[PDB]
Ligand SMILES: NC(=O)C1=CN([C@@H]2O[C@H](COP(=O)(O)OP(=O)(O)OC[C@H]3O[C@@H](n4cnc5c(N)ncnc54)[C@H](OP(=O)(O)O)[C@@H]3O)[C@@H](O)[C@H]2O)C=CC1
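Take a look at this single chain, the form solved without the named molecule, given in structure tokens.
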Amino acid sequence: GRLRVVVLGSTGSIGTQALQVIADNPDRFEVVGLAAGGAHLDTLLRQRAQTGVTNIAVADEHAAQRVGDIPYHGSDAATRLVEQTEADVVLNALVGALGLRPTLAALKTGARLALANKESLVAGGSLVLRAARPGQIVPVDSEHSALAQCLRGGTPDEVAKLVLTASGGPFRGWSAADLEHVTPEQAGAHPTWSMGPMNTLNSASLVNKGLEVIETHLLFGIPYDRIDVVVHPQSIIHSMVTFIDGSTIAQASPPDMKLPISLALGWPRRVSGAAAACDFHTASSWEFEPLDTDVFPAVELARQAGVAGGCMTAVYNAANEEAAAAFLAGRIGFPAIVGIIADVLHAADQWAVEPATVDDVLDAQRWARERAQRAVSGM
């Protein structure tokens, strides 16, 4: 029947798309809570008005006064909302380290976690996994959503390889020399999704694919050496699974996040009309090419951090946040993005120990941000 959904990060692109899927399907879903940072308030006010949901969390205190009548405000508003709201699904679409505590709180309640927040897995690692039951986390990322669907093609013992697709970004087929004089607006050219400057940048530097590889390992328990990345410029195939008999099962759709959002909210039940399907009435082609790992080391670096274990993938993510920002702020070169991540990881051998608590993870990320900051300061 109808599922009660807490929407964390409601004003971002995933949050607003989720609310649209919810509004179109009132028999399947109802919103019971909203959390937002506070950066966008005209949006949050409209969502309050349209849904009638007054059970809202706003992190920013000044934003919280400006909107008025907000029950959860300040530091851990989102966590408190999740702790005190009865729900069937928590959609965690918060950005950054802010998402980890709401994730653990959400898992403690027994609800399904529709996970969009990368930090939860990439930084939380085993902490989050230990907190979750089998099937409790359902991925919202289009690649992981595609994998979950393709995995219906057999039992776990029959999986040979998971194959993630990457667009290649705007610099697909460029030499390392070419990348040396890449500018912020070159990087943020023709984006597949519409989720902001940082996100489009991570697609260009292939760090997004690196983070997804890490999450694939954690979500599906497949070793890093059985997780492939292929470049697929059309971004129509969203991932594939190759099975032990030689069969490959692929998921394909015109890019539209409403599809994986709807599936994550409603899992295992599909949502009629969520997105447009591939249309075969006009000729088209789906192209595949190997990733040039020499020019784009981000994915191999992700594998190195993943295999190292412990707090290393938290270090990889934290270092990218500082390094990628520094590039957008005209302060370092494009190649130096992954360059800095490597330098930080190479210095991070103390963080190869598994974290015991959330504070351990936050300390590692604190360390990595500072170390990356220091590295940026020398350029």
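The term rigid core refers to the maximal set of C-alpha atoms that superpose within 1.5 Å between the two forms. Quick note: we count residues from 1 along the sequence shown, nothing fancier.
In at least one third of the other compared structures of this protein with flanking residues present, residue 192 is left unmodelled. Relative to its counterpart among 76-84 and 268-276, 76-84 has the higher mean temperature factor, C-alpha atoms as listed in the PDB entry.
As the entry records it, the average C-alpha temperature factor is higher for 186-194, out of 201-209 and 186-194. Within the group 312, 41, 32, 318, the record's highest C-alpha temperature factor is found at 41.
The PDB entry gives the largest Cα B-factor of the residues 140, 283, 249, 163 to 283.
Residue-level temperature factors show residue 294 in the highest third of its chain, judged at the C-alpha atom.
Per the PDB record, residue ranking by Cα B-factor puts residue 303 in the lowest third of the chain. The PDB entry assigns residue 355 a C-alpha temperature factor belonging to the highest third of its chain's modelled residues. Compared with the other modelled residues of the chain, the Cα B-factor recorded for residue 130 ranks in the highest third.
Per-chain ranking of the deposited C-alpha B factor places residue 288 in the middle third.
Beyond what is shown, the protein has a form deposited with the named molecule bound; the following relates to that form.
Stretch-level contact check against the named molecule in the bound PDB entry with heavy atoms at 4.5 Å: of 273-281, 128-136, 176-184, 111-119, the positive one is 111-119. Within 4.5 Å of any heavy atom of the named molecule in the bound PDB entry lies no heavy atom of residue 312. Contact check for residue 11: a non-hydrogen atom falls within 4.5 Å of the named molecule in the bound PDB entry. Although the partner is absent here, residue 82 sits far enough away that none of its heavy atoms falls within 4.5 Å of the named molecule in the bound PDB entry. When the named molecule is considered in the bound PDB entry, residue 40 lines it closely, a heavy atom lying within 4.5 Å. Checked against the named molecule in the bound PDB entry, the candidates 93, 259, 159, 104 yield a single residue with a heavy atom inside 4.5 Å, and that residue is 93. With the partner omitted from this view, the residue of 98, 218, 240, 148 that lies near the named molecule in the bound PDB entry is 98 [heavy atom within 4.5 Å].
Although the named molecule is not shown here, in the bound PDB entry the stretch 303-321 places no heavy atom of any residue within 4.5 Å of it. Large C-alpha shift between the shown form and the other one, rigid core held fixed: of 190, 133, 270, 152, this applies to 190 alone, with a displacement of 2 Å or more.
Superposed on the core, the two forms differ at residue 329: its CA moves 2 Å or more between the shown form and the other one.
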